[PDB]
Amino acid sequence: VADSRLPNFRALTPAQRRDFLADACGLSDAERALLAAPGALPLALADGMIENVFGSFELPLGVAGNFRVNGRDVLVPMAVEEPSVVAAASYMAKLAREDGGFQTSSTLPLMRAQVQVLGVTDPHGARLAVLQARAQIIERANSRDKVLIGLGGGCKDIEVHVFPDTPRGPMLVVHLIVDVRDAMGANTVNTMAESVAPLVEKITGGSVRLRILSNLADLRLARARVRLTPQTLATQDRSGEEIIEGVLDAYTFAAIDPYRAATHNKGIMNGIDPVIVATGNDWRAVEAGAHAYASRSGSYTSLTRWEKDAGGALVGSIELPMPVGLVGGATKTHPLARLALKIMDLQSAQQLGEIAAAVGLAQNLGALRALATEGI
């Protein structure tokens, strides 16, 4: 059975932690050697990934323990530079174990691809024409990516949003709603936006300008929930109930004040970004989606919610875009990203997204607990 409980990792050396992980996760001896020596990313490989490469930049690579998601333990690799982050994630995950861990879910892996049409004098009418022709546009979008279609992904729907008065004239904006399966999906969806452009121009009689995914991936949401009783939260000097009221004080402060919410959401991303980096995923894309979603209400606010259930237990919840992949980009190119994803042992990118959402929620809890405990 997979077990995310780490035995006294603070008292082991880095080498002993590495051997424990290689043992528990069944890494090959060649994978173990890959972790034992610096330079897992060959310079010639890095050189083919970005430009003007002259070396490599190391981040500390840690692992958060105790995470249990939908009944299944998972080890969480974290590449980050900041103290306390990994420890807080682990400790809050240990508290969450007492109710059975985190409960998560997600939408389908739906990415938006935007197609900007300019010069349409009747954008409202043209919108209706595009929507009428949607089957044809979906067909055209799906003709090239045989691998994605064969997996059951591809363009599933289209939307059209009209901006009839702009300094550049009216804009008609087609959104292709694309299932990208286990990829983050940016390149996947950009190609479809480019492919549908002649057909969109013919239908609208306009000129297509930008063909590009939206990073506000609010149709690819990950959701996570945790519950903690006062018994679980009680310490020697503070009662579980007192800690709980202090956490709600801290949360509401983030809910109503963007100056606090920015900080509150930053602590969430302390949890999430290190998993994104360690698995070879684009962290700028996850950061953009999270913080943009945080202002969907008209005001920048908390991505999490903290409440009490009928019996007084603390309930935290999170919902946010989670565009991530088990394939594509660097996720299978960087040898340690391949290795980190093997440590986590996941079947879908949704699973990775749900685990990320849980890690963020625990990280947020760790901050709120600490900030409300600390004495004057």
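Numbers for residues come from their place in the sequence shown, where the first is 1.
Taking the mean C-alpha B-factor of each stretch as recorded, 318 to 326 and 66 to 74 are not equal, and the higher mean is that of 66 to 74. Higher mean CA B-factor, judged across 340 to 348 and 306 to 314 from the recorded values: 340 to 348. For the set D157, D179, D257, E81, the PDB entry assigns the largest Cα B-factor to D157.
Reading the B-factor column for the CA atoms of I50, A40, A30, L61 in the entry, the top value corresponds to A30. Per the PDB record, residue ranking by Cα B-factor puts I243 in the highest third of the chain. Ranked by C-alpha B-factor against the other modelled residues of its chain, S297 falls in the highest third.
Among the modelled residues of its chain, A22 has a C-alpha B-factor that falls in the highest third, as given in the PDB entry. Ranked by C-alpha B-factor against the other modelled residues of its chain, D122 falls in the middle third. For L219, the recorded CA B-factor ranks within the middle third of the chain. Only modelled residues enter the ranking.
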